[PDB]
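> Take a look at this one; I'll ask things after.
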Amino acid sequence: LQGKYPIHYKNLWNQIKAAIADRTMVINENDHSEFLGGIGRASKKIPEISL
Amino acid sequence: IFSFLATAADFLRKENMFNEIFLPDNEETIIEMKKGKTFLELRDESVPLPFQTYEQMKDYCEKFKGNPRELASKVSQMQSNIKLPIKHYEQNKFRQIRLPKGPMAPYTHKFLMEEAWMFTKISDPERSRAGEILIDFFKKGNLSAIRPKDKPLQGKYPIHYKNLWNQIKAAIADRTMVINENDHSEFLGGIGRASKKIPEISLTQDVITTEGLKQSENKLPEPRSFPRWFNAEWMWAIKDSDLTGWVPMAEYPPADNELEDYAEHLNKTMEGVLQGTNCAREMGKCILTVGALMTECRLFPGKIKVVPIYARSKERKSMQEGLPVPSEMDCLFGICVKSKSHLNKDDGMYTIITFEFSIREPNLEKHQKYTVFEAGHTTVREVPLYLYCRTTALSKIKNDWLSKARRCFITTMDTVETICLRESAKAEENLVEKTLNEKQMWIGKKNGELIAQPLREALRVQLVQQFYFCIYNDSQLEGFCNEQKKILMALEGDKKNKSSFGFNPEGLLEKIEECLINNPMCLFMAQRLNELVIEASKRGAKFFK
Amino acid sequence: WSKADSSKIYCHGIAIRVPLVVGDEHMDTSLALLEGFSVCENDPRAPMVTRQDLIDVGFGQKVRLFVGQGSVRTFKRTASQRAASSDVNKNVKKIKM
Amino acid sequence: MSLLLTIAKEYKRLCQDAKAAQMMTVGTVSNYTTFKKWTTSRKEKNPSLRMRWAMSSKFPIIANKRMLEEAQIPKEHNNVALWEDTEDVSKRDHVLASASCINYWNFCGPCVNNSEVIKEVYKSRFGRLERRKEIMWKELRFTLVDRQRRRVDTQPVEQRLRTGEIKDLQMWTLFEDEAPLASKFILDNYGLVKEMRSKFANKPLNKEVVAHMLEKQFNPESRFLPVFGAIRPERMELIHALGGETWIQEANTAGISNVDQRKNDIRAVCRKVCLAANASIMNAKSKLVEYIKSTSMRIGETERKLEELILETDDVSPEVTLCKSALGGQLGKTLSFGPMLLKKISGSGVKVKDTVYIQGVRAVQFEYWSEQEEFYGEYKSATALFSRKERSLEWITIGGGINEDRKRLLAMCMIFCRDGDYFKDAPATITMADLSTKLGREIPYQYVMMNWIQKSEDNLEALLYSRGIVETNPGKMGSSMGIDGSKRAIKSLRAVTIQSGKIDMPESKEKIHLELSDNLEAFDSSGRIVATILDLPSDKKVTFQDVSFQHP
Amino acid sequence: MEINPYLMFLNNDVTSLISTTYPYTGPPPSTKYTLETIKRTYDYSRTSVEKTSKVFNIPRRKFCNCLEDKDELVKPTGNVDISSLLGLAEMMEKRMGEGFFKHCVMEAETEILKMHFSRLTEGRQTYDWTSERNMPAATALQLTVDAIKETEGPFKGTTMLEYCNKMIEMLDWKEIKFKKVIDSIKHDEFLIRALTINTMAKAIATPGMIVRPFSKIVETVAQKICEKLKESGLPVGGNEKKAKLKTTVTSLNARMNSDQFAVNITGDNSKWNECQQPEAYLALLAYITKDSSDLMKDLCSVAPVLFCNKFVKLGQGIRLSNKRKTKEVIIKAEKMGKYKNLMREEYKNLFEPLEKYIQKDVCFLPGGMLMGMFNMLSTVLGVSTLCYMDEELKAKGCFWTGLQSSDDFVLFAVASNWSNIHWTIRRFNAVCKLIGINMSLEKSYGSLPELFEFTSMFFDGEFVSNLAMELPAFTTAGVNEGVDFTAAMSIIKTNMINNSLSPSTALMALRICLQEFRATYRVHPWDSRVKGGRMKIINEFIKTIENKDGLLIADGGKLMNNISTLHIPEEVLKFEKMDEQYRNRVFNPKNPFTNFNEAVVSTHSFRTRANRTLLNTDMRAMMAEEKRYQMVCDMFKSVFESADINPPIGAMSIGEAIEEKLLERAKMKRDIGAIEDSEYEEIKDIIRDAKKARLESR
Amino acid sequence: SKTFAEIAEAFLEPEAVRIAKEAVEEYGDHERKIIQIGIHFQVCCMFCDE
RNA sequence: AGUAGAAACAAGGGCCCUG
């Protein structure tokens, strides 16, 4: 209805259902959560000595 | 059963297999090609020699067995009566290409580049059309001063040109760019010099005697020697034009990722370098003038229209000091006209005529085509004038392609970024600016030494190469540039100690020297190829002096 | 079940296909009856009806009908679509005894 | 209505003629297709030049007449020509016009109630845009990318179908009054037909356009392309903006339109059924077919039968190949040998038995081909192009990127060709208990050696040692492989070249029928064993979601 | 200074700049040519043995197994030794496997039988045997089926086999009728007119409709064969052949011994078509079809004999003129014999030897091949040579492999010494001379490994994308407004993926395409100051547009597309921002202009005006037949809205389907819809009357 | 779909295909008849109906 | 006059039309 990143949320929802079905609260694959957490900031870092 | 059969019939009818062929009855179970009497009569006649009936050929072929002893014997007997030559270049060197002999190749491009003198006027957005621009330029009164003298400096058919120039000026004053059909226009435009077809049924030996009748004695082109003036045009075309924005380019779209920003920065740098040259001024002049002439020949055929030879540009940007926000400018290199462009068929033919200004004395050898006319004086102080009046010809295809000369940007950019990305990858770091600023590219010789300049200034050389390929393209240049690759591959083989070889190079050189005729570009490029192989012989082999 | 896919029944996560012999208020359409009908020996006496009127025909009643393009057939509203694979397999196995 | 009467009067006029009557009367309707070609036949050599030449003209667009009158589109809005009464020579029912008219129509013409239907028509392209909006671009770098030329798919698609099945979908979603007799597919998959039907019913649309777009919707565009990195349809659709031979635009695209988890689940289910149906020695094949038929799985919203999914899929994997064989599906010319891939470029051969003594004197027969035979191979992140000759490995050229994978590929390849002394004189460790009849079925020697190498690394090192070791001559140091898969060494395996850059995958659009034995050994019209049950993971436990094993 | 641009080749790789030479940035550029071809063809056949036909009574030079004049064999010879050719075929069969050719001819027969006889319309221009002119395939097919119908009776056939048997029967017929502004012709004139092959200077051949289907059959079998072979690259394109070459090179560098050393040879065969003989093809097709169904044996054999009896048409004749060139006479090929005196000495010398073969406006040529006819069968014949292997080479430790496509090959020779390399190459040349296949000595060259060329693709460690080859592709096709920009962007995407086109070059080409598009369709941006037709009204109604971003490029838009959005048409990216009025108006299916390819359908998807030169020419009689078929198709589509997409199928004729469907629709709309019993009865009566008239008339 | 057997397998069950193929081989007639003979056999089976 | 190539154009059809 009103959203910016639908696919990641819907895939994470299916992942939650599939994990709960497995009787374990864990999530092995780390692709969606990583993205949705990294939109704020994620990047490389260059040493000052290599500058 | 009936449902299955219905489905089956649908799936057969779909594939075109619902016929007697696949679903015959008991009787119609023998399908065979309906062998006709004539087809057999022919097949029994096309058989190889030793056989005389298709039956024998089929019986001999269906049971054919391999006898490698005889096959090898025949192969060796053919390998002995041939003696295929093999020629390692290192021992048998490439003699220098021979160029023809005679007078210098003459200028052939429609629009003068170096000599042409132009008039500028402040841009008016409202009046942006061709005829309107010509009217605005004519009204100031500088144009109305021109008054050519009767005697031209050189050339032929002067009176016709003078009359047509006067008629053009009269046309603009009336604001109607339509010329009447008079003797001068007729002769220059060849309105009526088209041979009238004669029927054969109306022919007789008497008619043949009355007027000579023999198969047309095709007058193939004549040979012309290397042009000594091409280098000057190149060097001049590699300099700035005191303006920019010569050719029209579109806008740059938004960006989201680093890749687009890099592409847009490189494109901006190259476009800035390439918009200031003189060759690009010719790119603009061709695009605009041919667009206008195309849209006149399409609309007003049967009317010997007047079209200007113009372009639009923008004065450079100085510092914030002085007048800010630089303005635009309309330039008027000359004027053109187009005789009737009744292009009934593709790749037609339509004579045009070109008047163009100049401030330079005409060479006899170079400017053979033109018929100059001294035309008063011009301010800058005062300077003499010279009115270069040509009578060229064009077609549909040349029009469409010239209006697409903007292609050169793509090729040059690809080569430059093919060198820069390759150099940057070997080091796994952004090395583009350093490559552009530093990498030296040999571009000639001076005083027996090898000149060199960064890539940033050899983009101009590449651009001129691609533009001239667009301009002088012909069958000769095609064949040449297709047959010179072998020599370059041999050069590479020499550089890497790869013992290349060949079967008959002399024939290759002959083929090449056959396709060098009366086209300045070919001849110039061949002379350069010889100087190249010479300069490389100092550090390489496989070439004779 | 769901109104989207009206041809499935989920009993303890087991899919039970319902045959398409009679429409329902949600599922009602031309498709929900297709299985019921079948082809039979041509009879020119039976009437020629519209596709929509198929819903109203009596069970075990013959009717002629235009099908696809350039095909006039005869349909009888009795479902006769037995498994073809089973019969062929069984008969072919007998040939090996 | 009156239009119906007009159609009938037109038909009457047509039948009053003589020639039209003949052509309508004779033959069937298919002739229409033929007639559809003899008309409107005209092409152009250089379209660009023709279009540019035409556009200069005052009126370069033919157009309808009655629609313009109805829409109150005048000839001139304001001293601008738009059209003039005339008839196009060919159509005889159209009037010349100009392009400007479109702009006028666009800015003040007739407006429809809603145009959101386009989002359904081109669902593929809107999906492309939605996927592209979720890509977090990281950073352009520069380096010589290693690209392998391989066949891939460049369109993420759900419920991929064949041309035959799709054709009914168009007819049964748009033109129901002219639908053909109900097919098996339409009856089976009625939720999809209903879902498509609802969106495009009682709508003003050009029906042909929608049908063509659904055709493209259900077609996974397969292309033979250079590739780098993972292989996922989500990337291949924009690979052009991810990297070339000299540059790489890093980007994380893992969580968009996951299409790999369903392929993985299908293969897992096929493995499970193949391992279940090995209990019945006499009638394993029939049990397998019954097991496949009485099973289904959910795809998105719909539930599909496993048998159809297996036919549609293109997973060239030993699990699926056997199942496709049992159902009768034709499949690609792709062999397998354990968790390895193979492709025969050339050669031939014929079976020839030879003895192997397992311990002291215990003869065990094993068959070996007898001819030169080139073979592409593919293990994880490694590839090869080996060749064999009369029970000897002539050469192997590897172009991988890992040492472990390289060693495993070399070992499985050596086993493939039954080279080495061990095949002549079996290793001391292997015993008759493991030789054969784990569950009453004989296991040939090669698979015994394969299990041996998997069991322990030391056996693998011994096997590689079996291949002669020589001293790395000068220059060839780079094209050499030690025991630890070194790029170069002082001593290296005999005739084991090494290079950089993956070996380009061959290609062939061929379909070979292949049967299967009572022991699930897939023959392919010749001796070759394309696949078997002794090249699958031993066993594992999984909890399958949204699946239906409706069998006791 | 003396500027020289080649100096960059002194210190830079030659491949990475070879693109600079290709002049693909500019415009590219009878009977004498045909006569020279005839002369060279009769010369290459070195023999002088001549038979005499009975059907034609024309001396027939025999170009197979009669080799003589073994002087200067280096030059092109067109004589063939069937024994060697068959031996090479045996070697290829042995390598591939047992019964290799039977599976192939089976895979062809699986298609030739079910093939519809309408697939001949999708072909190049084909000579017409009624008007004696080149014409699109469809019109020629319709003309010959109308001739059949006029002669004996309507063509009931619907498949290829029936069509071929009907052509074979047509050869027997004494007389053949055909429509014209309705002449009749005896058997001999149609026999000559069927075989006649015209030419087009695009040169290239134009075979008659009669031969076309058999040619398709033979090409089908040859294709099914070639696809299997790993030493060919004709069916494949682009990446595939690069991968082939790379795998071949790896195989080579592994197989060769340390003492041995490889070589390469870029070869460019000469006179490919002139030296190929269809009689060797006939024998070869006989050998291939030795076990397969008797049906394919006859069908395949036809096209070789037809080509072995082919005539060749001379076109436009000579032109006469006076000195001043004021007047000018035109003369056709038929009249050349009369004015033999009035021609240059060279033309007379060339013409006089062929007069015996020459027939009115044709030259009977008992053999030879022409361009484009049998590309894949020559590829097979040439791949045969690469396979060859004998005891002598293996004794000396020498072996040659390679990759050939049509008239262009690559050779990879291996040996232990140069004295043996030369001998190996000479042996290859000999075996190729034994079957006509020659080799050019000037355009062909060789070198040590890693420096060859194959089909405009130069090879080194890398493979320099030509780029020039794909430069013409960066042009507006000129279909419509929507198609052009999307197609250009897709072309850029493909060139980016395969030819490793750079991103900045892609952006520059995209901008060039957008500006040429703006110029061609007389469009320009809204903010510009340009005046004209479209722009004026755009400015008039621009104020209404609230959101400028969504504006389409044709309707005063702006560029919202880049490297990362080349796989998405603009209509999609701009959809959200577009105003509702403009959006609904643009995409309203009730469009006069819109006529129906990865593109969106908008009002812009128009069709162009039709040519009018025919308006003066009396080419109208055909327009009547075309209009008849057009009307029938039009109203069948009017009833059935899925007639084009999904091929019709059934047992009813068109009339019966229309009759029944119309009656059923009328009943459905009288049941509920707005129709009265009077109207329904009127419609039904009309249908009954029309049916009765249709049946009664014919 | 390059050979007739695939076209028959499109609708006919593969068993009847194999049967008609063996039968054609025994007679020695063209394999083009795999389509008709298979149909003839399937009717018979579905005639039986157990 | 001119173009370009190894031949064609330098309007063509009926006082009227057309690419």
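Lettering and numbering for the structure tokens are positional, with chains as A, B, ... in the shown order, residues counted from 1 in each chain, and ligands counted from 1 in the shown order.
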Near range 467-473 of chain D, within 12 Å and counting only C-alpha atoms (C1' of nucleotides), which residues show up once chain neighbours fewer than 5 positions away are dropped, as a PyMOL selection string?
(chain D and resi 392-395+410-411+414-415+418-422+460-462+478-483+487-497) or (chain E and resi 258)
> For the residues in the current selection, export N, CA, C and O atoms as a CSV table (one decimal), in the first residue's frame.

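Final output, saved to again_31.csv:
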chain,number,residue,atom,x,y,z
D,392,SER,N,43.8,-44.9,-20.3
D,392,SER,CA,44.9,-44.0,-19.8
D,392,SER,C,44.5,-42.6,-20.0
D,392,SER,O,43.8,-42.2,-21.0
D,393,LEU,N,44.8,-41.8,-19.0
D,393,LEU,CA,44.5,-40.4,-19.0
D,393,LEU,C,45.6,-39.7,-19.8
D,393,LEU,O,46.8,-39.6,-19.3
D,394,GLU,N,45.3,-39.3,-21.0
D,394,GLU,CA,46.4,-38.7,-21.9
D,394,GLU,C,46.8,-37.3,-21.4
D,394,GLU,O,48.0,-37.0,-21.3
D,395,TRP,N,45.8,-36.5,-21.1
D,395,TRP,CA,46.2,-35.1,-20.6
D,395,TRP,C,44.9,-34.5,-19.9
D,395,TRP,O,43.8,-35.0,-20.1
D,410,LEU,N,40.7,-33.5,-10.2
D,410,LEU,CA,41.6,-34.4,-10.8
D,410,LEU,C,41.4,-35.8,-10.4
D,410,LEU,O,41.5,-36.7,-11.2
D,411,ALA,N,41.1,-36.0,-9.1
D,411,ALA,CA,41.0,-37.4,-8.6
D,411,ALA,C,39.7,-38.0,-9.2
D,411,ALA,O,39.8,-39.2,-9.7
D,414,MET,N,40.6,-38.9,-12.9
D,414,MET,CA,41.4,-40.1,-13.0
D,414,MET,C,40.5,-41.3,-12.8
D,414,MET,O,40.7,-42.3,-13.5
D,415,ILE,N,39.6,-41.3,-11.8
D,415,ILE,CA,38.7,-42.4,-11.6
D,415,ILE,C,37.9,-42.6,-12.8
D,415,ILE,O,37.6,-43.8,-13.2
D,418,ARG,N,39.6,-44.8,-15.2
D,418,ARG,CA,40.2,-46.0,-14.7
D,418,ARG,C,41.7,-46.1,-15.0
D,418,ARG,O,42.2,-47.2,-15.4
D,419,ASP,N,42.4,-45.0,-14.9
D,419,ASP,CA,43.8,-45.0,-15.0
D,419,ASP,C,44.5,-45.3,-13.7
D,419,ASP,O,43.9,-45.3,-12.6
D,420,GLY,N,45.8,-45.7,-13.7
D,420,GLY,CA,46.5,-45.9,-12.6
D,420,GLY,C,46.7,-47.4,-12.2
D,420,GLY,O,45.9,-48.2,-12.6
D,421,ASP,N,47.7,-47.7,-11.4
D,421,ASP,CA,48.0,-49.1,-11.1
D,421,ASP,C,46.9,-49.6,-10.1
D,421,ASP,O,46.6,-50.8,-10.2
D,422,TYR,N,46.3,-48.8,-9.3
D,422,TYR,CA,45.4,-49.3,-8.3
D,422,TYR,C,44.2,-50.1,-9.0
D,422,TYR,O,43.7,-51.1,-8.4
D,460,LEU,N,43.2,-40.0,-1.0
D,460,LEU,CA,43.3,-39.1,-2.1
D,460,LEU,C,44.8,-38.8,-2.5
D,460,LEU,O,45.2,-38.7,-3.6
D,461,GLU,N,45.6,-38.5,-1.4
D,461,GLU,CA,47.0,-38.2,-1.7
D,461,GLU,C,47.7,-39.4,-2.3
D,461,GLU,O,48.5,-39.2,-3.2
D,462,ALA,N,47.4,-40.6,-1.8
D,462,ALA,CA,48.0,-41.8,-2.4
D,462,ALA,C,47.6,-41.9,-3.9
D,462,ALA,O,48.4,-42.2,-4.7
D,478,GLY,N,55.1,-22.5,-14.2
D,478,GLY,CA,53.7,-22.0,-14.0
D,478,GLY,C,52.6,-22.9,-14.4
D,478,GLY,O,51.6,-23.0,-13.7
D,479,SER,N,52.8,-23.7,-15.4
D,479,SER,CA,51.9,-24.7,-15.9
D,479,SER,C,52.2,-26.1,-15.2
D,479,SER,O,52.7,-27.0,-15.9
D,480,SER,N,52.0,-26.1,-13.9
D,480,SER,CA,52.3,-27.3,-13.1
D,480,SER,C,51.5,-27.3,-11.9
D,480,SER,O,51.0,-26.2,-11.4
D,481,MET,N,51.2,-28.5,-11.3
D,481,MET,CA,50.4,-28.6,-10.2
D,481,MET,C,51.1,-29.7,-9.2
D,481,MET,O,51.3,-30.8,-9.6
D,482,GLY,N,51.4,-29.2,-8.0
D,482,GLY,CA,51.9,-30.1,-7.0
D,482,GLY,C,50.8,-31.0,-6.4
D,482,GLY,O,49.7,-31.2,-7.0
D,483,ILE,N,51.1,-31.5,-5.2
D,483,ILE,CA,50.1,-32.3,-4.5
D,483,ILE,C,49.1,-31.4,-3.8
D,483,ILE,O,47.9,-31.8,-3.6
D,487,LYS,N,50.3,-23.4,-7.7
D,487,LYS,CA,50.4,-22.9,-9.0
D,487,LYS,C,51.7,-23.3,-9.7
D,487,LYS,O,51.8,-23.5,-10.9
D,488,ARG,N,52.8,-23.4,-8.9
D,488,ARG,CA,54.1,-23.8,-9.4
D,488,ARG,C,54.8,-24.5,-8.3
D,488,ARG,O,54.6,-24.3,-7.1
D,489,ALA,N,55.8,-25.4,-8.7
D,489,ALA,CA,56.6,-26.1,-7.8
D,489,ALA,C,57.9,-26.6,-8.5
D,489,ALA,O,58.1,-26.3,-9.6
D,490,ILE,N,58.7,-27.3,-7.7
D,490,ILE,CA,59.9,-27.9,-8.3
D,490,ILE,C,59.6,-29.3,-8.8
D,490,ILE,O,60.3,-29.7,-9.7
D,491,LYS,N,58.6,-30.0,-8.2
D,491,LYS,CA,58.2,-31.3,-8.7
D,491,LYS,C,56.7,-31.3,-8.8
D,491,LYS,O,56.0,-30.7,-7.9
D,492,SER,N,56.2,-31.9,-9.9
D,492,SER,CA,54.8,-31.8,-10.1
D,492,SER,C,54.2,-33.0,-10.8
D,492,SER,O,55.0,-33.9,-11.4
D,493,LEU,N,52.9,-33.2,-10.8
D,493,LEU,CA,52.2,-34.3,-11.3
D,493,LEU,C,52.4,-34.4,-12.8
D,493,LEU,O,52.5,-33.4,-13.5
D,494,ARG,N,52.6,-35.6,-13.3
D,494,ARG,CA,52.9,-35.8,-14.7
D,494,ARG,C,51.7,-35.4,-15.6
D,494,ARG,O,50.5,-35.8,-15.3
D,495,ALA,N,52.0,-34.6,-16.6
D,495,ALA,CA,51.0,-34.3,-17.6
D,495,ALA,C,49.7,-33.7,-17.0
D,495,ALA,O,48.6,-34.1,-17.3
D,496,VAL,N,49.9,-32.7,-16.1
D,496,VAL,CA,48.8,-32.0,-15.5
D,496,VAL,C,49.1,-30.5,-15.7
D,496,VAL,O,49.7,-29.8,-14.8
D,497,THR,N,48.6,-30.0,-16.8
D,497,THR,CA,48.8,-28.6,-17.1
D,497,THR,C,47.9,-27.8,-16.2
D,497,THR,O,46.8,-28.2,-15.7
E,258,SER,N,57.0,-31.9,-26.4
E,258,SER,CA,57.9,-30.8,-26.2
E,258,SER,C,58.7,-30.5,-27.4
E,258,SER,O,59.0,-29.4,-27.7
> Can you list, as a VMD selection string, every protein, DNA or RNA residue that comes within 12 Å of range 324-333 of chain E when you count only C-alpha atoms (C1' of nucleotides), leaving out same-chain residues fewer than 2 positions away?
(chain B and resid 192 to 203 207 to 208 211 to 218) or (chain E and resid 30 to 32 34 to 35 312 to 322 335 to 340 342 to 343 351 355 358 to 363) or (chain G and resid 10)
> Could you pull out the residues in chain C that DSSP calls alpha helix (DSSP H) from the backbone, as a PDB file with C-alpha atoms, in the first residue's frame?

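Full text of states39.pdb as output:
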ATOM      1  CA  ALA C  84      -5.240 -43.925 -19.030  1.00  0.00           C
ATOM      2  CA  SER C  85      -1.785 -44.753 -17.670  1.00  0.00           C
ATOM      3  CA  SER C  86      -3.039 -47.497 -15.345  1.00  0.00           C
ATOM      4  CA  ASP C  87      -4.971 -49.420 -17.993  1.00  0.00           C
ATOM      5  CA  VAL C  88      -2.149 -49.319 -20.533  1.00  0.00           C
ATOM      6  CA  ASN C  89       0.422 -50.394 -17.955  1.00  0.00           C
ATOM      7  CA  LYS C  90      -1.711 -53.285 -16.730  1.00  0.00           C
ATOM      8  CA  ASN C  91      -2.500 -54.541 -20.228  1.00  0.00           C
ATOM      9  CA  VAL C  92       1.126 -54.274 -21.375  1.00  0.00           C
ATOM     10  CA  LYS C  93       2.355 -56.231 -18.353  1.00  0.00           C
ATOM     11  CA  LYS C  94       0.012 -59.066 -19.335  1.00  0.00           C
ATOM     12  CA  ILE C  95       1.697 -59.253 -22.750  1.00  0.00           C
TER      13      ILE C  95
END
> For residue 476 in chain B, work out the shell of residues within 12 Å, counting only C-alpha atoms (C1' of nucleotides) and skipping chain neighbours fewer than 6 positions away, then give it as a PDB file with C-alpha atoms (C1' of nucleotides), in the first residue's frame.

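Writing done, so here's result-v2.pdb:
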ATOM      1  CA  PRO B 221      39.872   7.447 -63.257  1.00  0.00           C
ATOM      2  CA  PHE B 469      36.882   8.374 -42.866  1.00  0.00           C
ATOM      3  CA  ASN B 482      40.778  -3.871 -45.684  1.00  0.00           C
ATOM      4  CA  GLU B 483      44.035  -5.035 -47.302  1.00  0.00           C
ATOM      5  CA  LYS B 511      46.531  -5.579 -55.132  1.00  0.00           C
ATOM      6  CA  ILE B 512      47.132  -2.652 -52.787  1.00  0.00           C
ATOM      7  CA  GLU B 513      48.866  -0.378 -55.283  1.00  0.00           C
ATOM      8  CA  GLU B 514      46.023  -1.075 -57.717  1.00  0.00           C
ATOM      9  CA  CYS B 515      43.435   0.599 -55.453  1.00  0.00           C
ATOM     10  CA  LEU B 516      45.372   3.865 -54.904  1.00  0.00           C
ATOM     11  CA  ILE B 517      43.797   6.408 -57.253  1.00  0.00           C
ATOM     12  CA  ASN B 518      42.835  10.083 -56.981  1.00  0.00           C
ATOM     13  CA  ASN B 519      41.754   9.870 -53.322  1.00  0.00           C
ATOM     14  CA  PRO B 520      43.973  11.996 -51.041  1.00  0.00           C
ATOM     15  CA  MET B 521      43.304   9.972 -47.900  1.00  0.00           C
ATOM     16  CA  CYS B 522      44.386   6.606 -49.323  1.00  0.00           C
ATOM     17  CA  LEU B 523      47.598   8.048 -50.765  1.00  0.00           C
TER      18      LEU B 523
ATOM     19  CA  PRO E  23      36.007   2.965 -42.114  1.00  0.00           C
ATOM     20  CA  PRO E  28      29.399   2.153 -48.278  1.00  0.00           C
ATOM     21  CA  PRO E  29      29.296   1.886 -52.098  1.00  0.00           C
TER      22      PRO E  29
ATOM     23  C1'   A G   4      31.099   8.031 -58.771  1.00  0.00           C
ATOM     24  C1'   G G   5      32.575   3.571 -60.465  1.00  0.00           C
ATOM     25  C1'   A G   6      34.847  -0.514 -62.955  1.00  0.00           C
TER      26        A G   6
END
> Which residues of chain B sit at most 10 Å from chain C, using only C-alpha atoms? Give each one's shortest atom pair and distance in Å (one decimal place), in chain and ascending residue order, as a tab-separated table.

residue	atom	partner	partner_atom	distance
B:1	CA	C:40	CA	8.7
B:2	CA	C:39	CA	6.1
B:3	CA	C:39	CA	5.4
B:4	CA	C:39	CA	9.2
B:5	CA	C:39	CA	9.8
B:6	CA	C:39	CA	8.2
> Residues at most 12 Å from range 517-519 of chain E, counting only C-alpha atoms (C1' of nucleotides), excluding those fewer than 5 positions away in the same chain, as number ranges by chain?
B: 248-250, 287-288, 291-292, 295, 403-404; D: 48, 51-53, 55-56; E: 474-488, 509-512, 524-526, 530, 534-535, 552-559
> Counting only C-alpha atoms, a student should be able to say which residues of chain E come within 6 Å of chain D; what is the right answer, written as a list in words?
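Residues satisfying the distance criterion: residues 138, 243, 477, 478, 496, 497, 520, 534, 564, 582, 584, 585, 586, 589, 592, 593, 608, 609, 626, 648, 649, 651, 652, 653, 654, 655, 690 and 694 of chain E.
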> Just need the residues of chain B within 12 Å of chain F, counting only C-alpha atoms, so spit them out as JSON, numbers by chain.
{"B": [1, 2, 3, 4, 5, 6, 7, 8, 9, 10, 11, 12, 14, 15, 16, 17, 18, 19, 20, 21, 22, 23, 24, 25, 26, 29, 30, 31]}
> Within 10 Å of chain C, which residues belong to chain D? Use only C-alpha atoms and report them as number ranges by chain.
D: 28-30, 171-172, 175-184, 186-195, 286, 295-297, 301-303, 545-550
> Pick out the residues sitting within 12 Å of residue 3 in chain A, and hand them over as a count of residues only; count only C-alpha atoms (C1' of nucleotides), and ignore anything fewer than 6 positions along from it in its own chain.
5
> Can you pull out every residue from range 4-130 of chain B that DSSP, working from the backbone, puts in strand (DSSP E), and format the result as a PyMOL selection string?
chain B and resi 87-88+119-122
> Could you write out that same residue set with N, CA and C atoms as a compact mmCIF listing (two decimals), in the first residue's frame?

# COMPACT_ATOMS: atom_id res chain seq x y z
N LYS B 87 57.35 -18.62 -47.82
CA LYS B 87 58.26 -17.49 -47.79
C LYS B 87 58.26 -16.87 -46.40
N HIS B 88 59.28 -17.18 -45.61
CA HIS B 88 59.48 -16.48 -44.35
C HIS B 88 59.90 -15.04 -44.62
N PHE B 119 31.05 34.77 -40.96
CA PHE B 119 30.42 35.93 -40.34
C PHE B 119 29.54 35.48 -39.19
N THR B 120 29.70 36.13 -38.04
CA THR B 120 28.97 35.81 -36.82
C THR B 120 27.92 36.86 -36.49
N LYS B 121 26.85 36.44 -35.81
CA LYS B 121 25.81 37.36 -35.37
C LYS B 121 25.16 36.84 -34.10
N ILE B 122 24.87 37.76 -33.18
CA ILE B 122 24.27 37.41 -31.90
C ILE B 122 23.01 36.59 -32.12
